[PDB]
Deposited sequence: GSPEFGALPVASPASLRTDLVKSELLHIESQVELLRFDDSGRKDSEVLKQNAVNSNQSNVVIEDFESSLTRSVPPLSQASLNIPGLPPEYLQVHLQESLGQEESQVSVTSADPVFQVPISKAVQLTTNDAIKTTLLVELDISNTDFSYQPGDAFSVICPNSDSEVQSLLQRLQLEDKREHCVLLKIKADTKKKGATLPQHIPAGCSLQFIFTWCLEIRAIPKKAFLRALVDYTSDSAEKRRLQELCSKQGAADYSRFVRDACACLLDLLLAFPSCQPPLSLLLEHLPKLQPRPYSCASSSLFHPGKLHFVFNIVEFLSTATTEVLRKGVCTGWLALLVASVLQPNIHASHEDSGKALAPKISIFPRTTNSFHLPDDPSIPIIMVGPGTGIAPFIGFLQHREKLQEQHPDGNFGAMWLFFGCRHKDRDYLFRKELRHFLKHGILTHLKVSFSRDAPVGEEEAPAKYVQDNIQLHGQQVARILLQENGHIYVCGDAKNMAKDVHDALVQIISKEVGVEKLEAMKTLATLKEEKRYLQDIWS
C-alpha cells in the first residue's frame, strides 16, 4: 500500500470545484505588533490521595472520581461549589509543536516580549496571559491554548509565511468568503488545531511572534465539589468523564480533552501527584439555608456530582440532630445502562436506607424493557413535584453537561405546572421564570 487519493476527494489540504476555481475575497492582514526575543539563561497545590473508576470497562464514556487532600491548606468549600484546576498541555503535543517551529532546541530559552516600534496596530499591548521571562517550554505547556481552533484571521496571517503555491492557495481559500463551508467542515467541525494545520501545510513557517499574537490563554477548567467536608474531613472530591473526540491528527484517531486527559494520566498509579486549584469567588448552587425546605435534584450522568455532596452533607446534619425537621430530598438520576454507568449505585442505596434520600427515580436511556430520560420520571411524579415547588417553598436543582437536557427538563416542568394547577402554558412559563428569579430553580450546566 502506497496512499492513493481519487480526483473527487476534498479534505483540509485540497478543494474541488467551485471553490478550487473561485475568485477569493480574503480578509485584511492583521497588523503584527509583538517582538519576541529568545534569551538563553490565591492558588493551592494539593495532592491526589485517591481515584476510583466509577464506570464499567465497556462504558462508552469513562467516569472517574478524584479525591484531593486539602488538609494542608486554608481552602474551604460547601457542597455545590465549583473550583478551577490549572492543567498543562500534553508534553508530546508541546514537543511536536516546538519541533515543527524549529524551536525544540530553544525550549529552555526565556521569552522576552516587547511591542514592535514599527507596528500599525493602534492600542497594542502585551498579552496578559504570557508571563514575561518564562521559558518557551513553560509558556507552551501552561499558558497557551495550543488546542484552539485557528480563527480565519490567524489563517490569513499564515498565508504570508507559506511558500508553496498550492498550500498558500488552500489557506487563502480557508479564510475567504467563498471558503466558509470548507472552513466549517475541515477546520471548525474537525477540531483542527495549529499543530494539525502546520503538519498539513509543511511550507508554512510562521514566526513565534505571530503565534503569540493569536494563541489564546490556556484556561483553567472548573469542576463541581462532589463531597461535603462534614463527611470526608480534609478531602475534596470531584467527578468527571474523560473527554474523547475525533480530530485532524493524522497518526491519532481520538484526542482526549486537555484537563481530563491530563487528570487521567496523573491518577493511573493512584487508581502522590499534585495539582493546583483555586476557588471560584461566587458560588450559588447550594443547599437551602433552612434544612426543613424540601428539594428536588435532577442530575443525569456526571451531573449527579454536586448532589452526592448535598446528600453527604445532609447525612451528617441529620446525625447531629435526629428528630430535626428535615425537608424531603428527591433525586432524578439518568444514565445509559443499568449495568455500565449507574454512578454511585451503592452510595445512593445507603442514602435511601438511612432516610437521607427520600425518593430516587432512575432512568436508563439505552436499556431494553419505562422512563428513558429524567424528564420522563419528573412528569410521572408531576403532582408531587408541583406541590413541593408551589406549596412547600421547595427548591429544584438541575445539573449536567447538556443545555438540551436543561431545556427538556424546563419544558417538562412547564407541562407539569400547567396540568397540575390548571393554568395556561404562558402562566406556567412565567411561574418557572419567577422561581429562577426567587433562586428556587437553580441550574449548573457545564457546556
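Chemist: Which parts of the deposited sequence lack C-alpha coordinates?
Modeler: Gaps vs deposited seq, in order: 1 to 57, 99 to 112, 343 to 357, 456 to 461.
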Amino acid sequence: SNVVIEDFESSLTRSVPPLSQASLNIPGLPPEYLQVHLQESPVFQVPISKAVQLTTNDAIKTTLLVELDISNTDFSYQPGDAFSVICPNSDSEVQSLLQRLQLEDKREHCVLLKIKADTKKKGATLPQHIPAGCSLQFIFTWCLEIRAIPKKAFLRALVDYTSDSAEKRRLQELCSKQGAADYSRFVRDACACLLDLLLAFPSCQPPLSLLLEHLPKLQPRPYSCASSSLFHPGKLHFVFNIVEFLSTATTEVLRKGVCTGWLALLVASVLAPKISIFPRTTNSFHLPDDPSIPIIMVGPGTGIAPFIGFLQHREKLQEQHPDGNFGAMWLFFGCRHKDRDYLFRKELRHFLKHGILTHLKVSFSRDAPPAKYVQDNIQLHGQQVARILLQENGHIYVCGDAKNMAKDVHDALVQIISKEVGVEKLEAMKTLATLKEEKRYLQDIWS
From here on, numbers count along this sequence of modelled residues.
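Chemist: Mind pulling up the entry and telling me whether 125 to 133 or 354 to 362 has the higher mean Cα temperature factor?
Modeler: Taking the mean C-alpha B-factor of 125 to 133 and of 354 to 362, the larger value falls to 125 to 133.
Chemist: Read off the CA B-factors in the entry, average them over 330 to 338 and over 113 to 121, and name the higher stretch.
Modeler: Per the PDB entry, the higher value belongs to 113 to 121.
Chemist: Out of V239, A82, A268, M297, which one has a C-alpha B factor higher than all the others in the entry?
Modeler: In the PDB entry, the greatest C-alpha B-factor among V239, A82, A268, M297 is found at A268.
Chemist: Considering only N393, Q35, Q415, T62, which residue's Cα atom bears the greatest B-factor as recorded?
Modeler: Comparing C-alpha B-factors across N393, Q35, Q415, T62, the top value belongs to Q35.
Chemist: When the modelled residues of the chain are sorted by Cα temperature factor, does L380 land in the lowest, middle or highest third?
Modeler: Ranked within chain, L380 CA B lands in the middle tercile.
Chemist: Where does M405 sit by CA temperature factor within its chain: lowest, middle or highest third?
Modeler: Middle third of the chain for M405's C-alpha B-factor.
Chemist: Quick one: classify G422 as lowest, middle or highest third of the chain based on its Cα B-factor.
Modeler: Its C-alpha B-factor, which the entry lists for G422, ranks in the middle third among residues of this chain.
Chemist: Consider only the C-alpha atoms of the modelled residues in this chain, order them by B-factor as the entry records it, and name the third containing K235: lowest, middle or highest.
Modeler: Answer is lowest: the recorded C-alpha B-factor places it there.
Chemist: C-alpha B factor of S11, ranked within the chain: lowest, middle or highest third?
Modeler: Ranked within chain, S11 CA B lands in the middle tercile.
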